[PDB]
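Next up: a single chain in structure tokens, the form deposited in one PDB entry.
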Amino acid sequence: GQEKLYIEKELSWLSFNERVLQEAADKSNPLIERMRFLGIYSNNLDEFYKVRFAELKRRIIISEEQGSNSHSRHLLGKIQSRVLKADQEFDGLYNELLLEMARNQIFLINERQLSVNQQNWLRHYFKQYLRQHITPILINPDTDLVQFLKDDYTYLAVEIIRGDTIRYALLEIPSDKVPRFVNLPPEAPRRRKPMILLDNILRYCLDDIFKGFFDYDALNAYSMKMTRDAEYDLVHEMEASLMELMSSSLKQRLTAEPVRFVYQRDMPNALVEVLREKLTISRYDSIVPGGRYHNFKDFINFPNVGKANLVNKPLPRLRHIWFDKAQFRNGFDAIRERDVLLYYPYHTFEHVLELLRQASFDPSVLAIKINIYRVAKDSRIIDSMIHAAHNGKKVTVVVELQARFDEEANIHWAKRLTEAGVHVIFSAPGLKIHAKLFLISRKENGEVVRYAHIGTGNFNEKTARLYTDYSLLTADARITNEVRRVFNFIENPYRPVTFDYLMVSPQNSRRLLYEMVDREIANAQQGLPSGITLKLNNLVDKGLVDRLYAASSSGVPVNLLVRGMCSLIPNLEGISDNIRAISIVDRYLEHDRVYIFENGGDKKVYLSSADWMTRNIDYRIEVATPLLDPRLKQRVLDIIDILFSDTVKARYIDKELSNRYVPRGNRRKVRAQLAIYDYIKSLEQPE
């Protein structure tokens, strides 16, 4: 190690969540929206430790065992140094925001700050609404918190003192059943909006919770929280001579998933100890003191007790007028006529859902093939496939059984189908189909005509609204056959398969990408117009990054738009002098990755679902589509223009991880995510 050629993705990520914090600070966002961001920020860091950080640990360990060769503990340090520095910054904001909220007449107060009236109000409220959910868990020598104790929940450790006697009991903050923020009755000026945390209501009612059956001189409560690291598995597909030589002392010290125990700073050491034991806090397990509150994630639902101004105004999802043209009898005619490209959340997912409902009873529809990844809870699509089954249609449904977090939510999504006449097909052990396709075939007088759907993100009717994704609808055989192939590839991957238009992970990808970059590089070494323009969530894969460094050094211009991690360092004398990269963190979540290559003058524009990360190129099922229709190719190009024209949310990506905001020169003030809406909105104006 000498002069960083790339940026550690884990550090790049910290910087990414920091950009998220900038949203909490950014005064241009409504007050309540900023509060909620704090929740996003927290929930992210939460997943950071549960997954990505736990992953890094292992790698650094896997390194050790027999041959660790990366300045790992120097990175670990940098990591927690950025985190601590952040935590103190988080603390600043929360304070600032608390003040600001008060200015707007809202007051998040604690049990000690109650009025000699609200007190009597709470007690009543508690006995009439909360009590039933709050039942002491007694800590006895045989009680084994180990099991029944809820993972990631907040608990209140109660200290029951009677003389030199001390009994211990737990109180679960029921954040699931009851709202975590309760509005107290306005003391004097009816203007004020006072609220208290559910945690502090309990803290305030400890006596009413225990006096009925316990004798004590005093009661003390301290909060604590316990979290387990995520599940491992995909790291042995390299441990050739490693996992083989790897000693049992390391397999046990690598498989065993640790436990993090967090407790309020002033919890009497005796109680901490009591828990250290009851919670099997062994060697590899972590014990950390700190704070009265945990689960700041719960701020993602901070209610809004002010005027609408304090909250973002919801944009109505738009109908793509094309589907409505009276010259179209139905959805299949609209698509047969022209390739249709929808962009969520500006458009309603309601079209794809209408289409699928049609195919389920349209006499001409012969079959339907479609995959169920991480869709919305209890899909309305499932019901449709059932109808199609009941109406004939050869219905084929692929269900992957292990996503990133929405895994066990597709192990039930099956026994049902089969019974009605559906051919169900499960993905291998832990394989992820991050693409979301569906193929529909229908006898259109004599001939069979296939209509496919290629969706960059997933069928989640919840994902369309917080995420921005594409949805291509086509009858173009060039693309149609390719989707058909994809589904075949899934059912029988043992059989050789090739794709001429789609980029399919992990069949081509690497090859298909290297090859496109290598061509721009070629045209650049010939002085022709070249260009690489990517819009990804993460740019990390070693190979792909170097491939870009190469493009830059060969004169090829590269414009990146990565909202998350970016191990690529832009502006490196002789390495990446022609690579400009920014990040836009706004309301919505980018779920759509694009690829745009100059390819001489005839630009190739791909809509993908994969980030330039190793796991997305070589280990999961991903799909990227070229836009054969120049009309649609253009639309995507405009949108990408609005994006790179942002001067409100865009930030620079530098080898300094500064997250500075792109300055608006004499150029216009643009906020992509909003301009994008007006762009779409203008497309749906009566022809």
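We call the rigid core whatever largest set of C-alpha positions still superposes within 1.5 Å between the two forms. Note that residue numbering begins at 1 and tracks the sequence as displayed.
Keep in mind the form solved in complex with a small molecule is missing from the figure; the text below concerns it.
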{"query": "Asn458, heavy atom within 4.5 angstroms of the small molecule in the deposited bound form", "finding": "yes"}
{"query": "Contact label in the deposited bound form: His434 to the small molecule, heavy atom within 4.5 Å", "finding": "yes"}
{"query": "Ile40: touches the small molecule in the deposited bound form, heavy atom cutoff 4.5 angstroms", "finding": "yes"}
{"query": "Partner proximity in the deposited bound form: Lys85 to the small molecule, non-hydrogen atom cutoff 4.5 Å", "finding": "no"}
{"query": "Contact stretch among 445-453, 357-365, 583-591, 255-263 - heavy atom within 4.5 Å of the small molecule in the deposited bound form", "finding": "583-591"}
{"query": "Selected contact from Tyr216, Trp413, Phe332, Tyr373, since only one has a non-hydrogen atom within 4.5 angstroms of the small molecule in the deposited bound form", "finding": "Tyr373"}
{"query": "Heavy atom within 4.5 Å of the small molecule in the deposited bound form - the one residue of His320, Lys225, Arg563, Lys193 that qualifies", "finding": "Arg563"}
{"query": "Rigid-core fit between the shown form and the other one, the member of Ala522, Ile321, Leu466, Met246 whose C-alpha shifts 2 angstroms or more", "finding": "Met246"}
{"query": "Core-aligned C-alpha movement of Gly421 between the shown form and the other one, 2 Å or more", "finding": "yes"}
{"query": "Cα displacement of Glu237 between the shown form and the other one reaching 2 Å, rigid core superposed", "finding": "yes"}
{"query": "Cα displacement of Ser115 between the shown form and the other one reaching 2 Å, rigid core superposed", "finding": "no"}
